[PDB]
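Below is one structure; the comments refer to it alone.
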Amino acid sequence: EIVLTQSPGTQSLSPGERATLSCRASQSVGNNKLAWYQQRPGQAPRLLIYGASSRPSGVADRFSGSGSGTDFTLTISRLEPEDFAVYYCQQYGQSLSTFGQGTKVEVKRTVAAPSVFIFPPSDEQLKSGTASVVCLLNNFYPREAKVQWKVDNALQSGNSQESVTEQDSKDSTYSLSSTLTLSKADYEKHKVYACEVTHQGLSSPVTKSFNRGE
Amino acid sequence: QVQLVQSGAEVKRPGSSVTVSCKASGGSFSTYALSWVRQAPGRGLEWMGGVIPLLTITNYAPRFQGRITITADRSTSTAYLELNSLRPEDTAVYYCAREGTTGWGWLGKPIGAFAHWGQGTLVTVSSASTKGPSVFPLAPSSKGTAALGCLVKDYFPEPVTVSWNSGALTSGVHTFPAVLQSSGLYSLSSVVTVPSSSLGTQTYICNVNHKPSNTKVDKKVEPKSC
Numbered sequence: 001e002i003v004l005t006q007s008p009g010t011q012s013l014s015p016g017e018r019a020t021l022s023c024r025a026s027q028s029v030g031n032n033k034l035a036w037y038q039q040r041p042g043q044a045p046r047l048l049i050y051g052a053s054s055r056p057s058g059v060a061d062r063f064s065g066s067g068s069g070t071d072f073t074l075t076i077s078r079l080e081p082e083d084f085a086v087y088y089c090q091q092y093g094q095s096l097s098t099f100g101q102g103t104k105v106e107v108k109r110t111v112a113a114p115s116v117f118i119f120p121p122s123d124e125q126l127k128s129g130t131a132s133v134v135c136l137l138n139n140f141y142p143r144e145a146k147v148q149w150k151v152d153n154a155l156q157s158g159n160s161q162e163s164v165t166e167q168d169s170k171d172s173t174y175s176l177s178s179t180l181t182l183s184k185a186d187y188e189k190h191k192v193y194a195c196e197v198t199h200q201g202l203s204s205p206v207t208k209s210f211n212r213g214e
Numbered sequence: 001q002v003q004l005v006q007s008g009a010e011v012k013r014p015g016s017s018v019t020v021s022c023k024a025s026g027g028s029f030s031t032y033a034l035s036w037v038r039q040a041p042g043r044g045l046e047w048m049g050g051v052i053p054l055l056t057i058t059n060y061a062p063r064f065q066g067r068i069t070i071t072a073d074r075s076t077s078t079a080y081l082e083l084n085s086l087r088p089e090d091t092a093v094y095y096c097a098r099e100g101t102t103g104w105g106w107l108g109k110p111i112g113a114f115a116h117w118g119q120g121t122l123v124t125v126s127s128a129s130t131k132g133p134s135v136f137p138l139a140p141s142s143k144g145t146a147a148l149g150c151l152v153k154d155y156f157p158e159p160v161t162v163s164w165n166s167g168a169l170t171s172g173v174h175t176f177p178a179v180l181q182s183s184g185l186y187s188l189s190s191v192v193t194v195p196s197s198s199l200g201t202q203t204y205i206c207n208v209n210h211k212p213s214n215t216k217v218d219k220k221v222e223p224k225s226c
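Line by line, the protein sequences are chains A and B. For the first sequence, the working numbering gives the first residue as 1, with consecutive numbering after it. For the second sequence, the working numbering gives the first residue as 1, with consecutive numbering after it.
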């Protein structure tokens, strides 16, 4: 089976610069059957390049495919705002077809520190028997951020889930939301509930906390 | 023309079978290879198989072989995809893709690469039952700019939509991607950053809508008093 490995995984550029994407196969692609695709979040894939180099009518001229044999290269001359998405490469020269893992092209912007907010569980939820503690990280860049749950200065492990928004189309930032989930009993068995955030825009790890009931 | 339209989202239990249709509008349904490609949530693209109705010819990917059936209906210009013995790891969005061509007829030749796609069909495999969400407030801290929101917890299945103040509040609004808890139920969070000076006077209502359960909940987020 032909394995396609794209490089790099994530790419951060400014609206106007050149983007170079790499695609390498485990063996050789017969008949140069190499295709490139584009995909904005929530949308179906879109063909940009077929036959390793050919461009379908309707596709902008700033897109160009090169390479032969094993390593190929998709190239975008001038990065328009709409060109920031995920790109996949594909071989279609064998009975079974395979895709690359994909390279994300995100917007490079000025470093921005996250605005940290913490939320205690509501009494309405506590009456149900569950306690959800939410830590909010607002409008930051880059996407790399670290969240730590400290209950009475004790670190936690597998009782918190986090999710991240897609890169905001206007300010090019990310937002994170972590949810610590305990029981009603365990929640009332402690006092201090804190969330420690480590990020590039923060010189020292910012911590937000509250005491139960207070 | 050449517009591929797929069937609506599916929610099946493990061990059951699902069928996703893909009706080709306009153009010529019989001549070209209509393939199927799935995209697991947060994952990449994976080719399952294809079909050319004119030659009665089907190719399957080894990982799906014996557990998949791609058919072609030239009478209605609709290709089908049956997925049997479903598992939670089958949960994904399934795309139908037709190979492009340079010209029409004896003229040119198909390109093999997928040039036309359907919107996709979300196939959700779970043993969980349909359940309306429980909306809990994220009270704006008593301690510039403040932040509040509503926690949409324990619902099934996707999706849940959230508007603020009947849509009058759009900027500063963030609705995070839901997470699948170990219980098997979903849970998202929606927030909005508002000026602190209006906290006491301005009323904030998050409008949570969950179509699969046909449930509508409006929850007013007011500051906690103590």
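Even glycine gets a Cβ: it sits at the ideal position worked out from N, Cα and C.
Residue-level contact by beta carbon fails for residue 29 (chain B) and chain A, as no gap is shorter than 8 Å.
Residue range 184 to 187 is occupied by the alpha helix (DSSP H) that includes residue 186 (chain A).
Of all residues in the region 44 to 61 of chain B, only 44, 45, 46, 47, 59, 61 place a beta-carbon less than 7 Å from a beta-carbon of chain A. Under the DSSP definition of a beta bridge, residue 203 (chain B) lacks any partner. Of the other Cβ atoms in all chains shown, fewer than 16 fall within 10 Å of the Cβ of residue 106 (chain B); this residue is therefore exposed.
Rounded to the nearest whole angstrom, the C-alpha separation of residue 62 (chain B) and residue 212 (chain A) is 55 Å. Judged by DSSP in its simplified three-state form, residue 178 (chain A) adopts strand. Per DSSP, residue 125 (chain A) is one residue of the alpha helix (DSSP H) stretching across 123 to 126. Note on residue 44 (chain A): 16 or more other CB atoms within 10 angstroms of its CB, so buried under the neighbour-count rule.
Residue 129 (chain B) and residue 32 (chain A) have their C-alpha atoms some 48 Å from each other.
When secondary structure is reduced to three states using DSSP, residue 83 (chain A) falls in the helix class.
Membership of residue 90 (chain B) in any beta strand (DSSP E) is not indicated, and neither H nor E is assigned to it by DSSP.
Contact with chain A is absent for residue 205 (chain B), since none of that chain's Cβ atoms lies less than 8 Å from the residue's Cβ. By the criterion of a C-beta distance shorter than 7 Å, residue 84 (chain A) is surrounded in its chain by 105, 106, 107, once the five residues flanking it on both sides are discounted. At a cut-off of 8 Å, the C-beta of residue 32 (chain A) has no neighbouring C-beta in chain B. Taking a Cβ-Cβ threshold of 7 Å, the residues of chain B close to residue 138 (chain A) are 147, 193, in chain order. In this structure, residue 137 (chain A) places its C-beta atom within 8 Å of the C-beta atom of residue 114 (chain A).
In the structure shown, the three-state DSSP call for residue 211 (chain A) is strand. Around the CB of residue 49 (chain A), 16 or more other CB atoms lie within 10 Å, so the residue is classed as buried. With 16 or more other CB atoms across the displayed protein chains lying within 10 angstroms of its CB, residue 137 (chain B) is buried. Within the DSSP secondary-structure output, residue 175 (chain B) pairs in a beta bridge with B:190.
Close to residue 111 (chain B), with beta-carbon spacing below 9 Å, are these residues of chain A in chain order: 35, 47, 50, 51, 54, 56, 92. Per DSSP, residue 32 (chain A) lies in no beta strand (DSSP E) segment and is marked neither H nor E. Excluding residues up to 5 positions away in sequence, 145 lie with their Cβ nearer than 7 Å to the Cβ of residue 195 (chain B) in the same chain. Judged by DSSP secondary structure, residue 4 (chain B) falls within the beta strand (DSSP E) whose first and last residues are 3 to 6. The beta carbon of residue 95 (chain B) sits closer than 8 Å to some beta carbon of chain A. At least one CB of chain B lies nearer than 8 Å to the CB of residue 134 (chain A). Residues of chain A whose Cβ lies closer than 8 Å to the Cβ of residue 117 (chain B) are, in chain order, 44, 45, 46. DSSP, reduced to helix, strand and coil, places residue 183 (chain B) outside both helices and strands of the structure shown, so it counts as coil. Going by beta carbons, residue 4 (chain A) and residue 114 (chain B) fall outside the 8 Å limit. Residue 138 (chain A) carries a strand assignment under DSSP once its states are collapsed to helix, strand and coil. For the options A:78, A:34, A:214, the alpha carbon positioned closest to that of residue 17 (chain A) is the one of A:78. At least one beta carbon of chain B lies nearer than 8 Å to the beta carbon of residue 98 (chain A). Beta-bridge pairing by DSSP links residue 22 (chain A) to A:7, A:73. The residue among B:22, B:133, B:91 with its C-alpha nearest the C-alpha of residue 217 (chain B) is B:133. Residue 124 (chain A) reaches chain B at 136, 137, counting residues in chain order whose Cβ is nearer than 8 Å.
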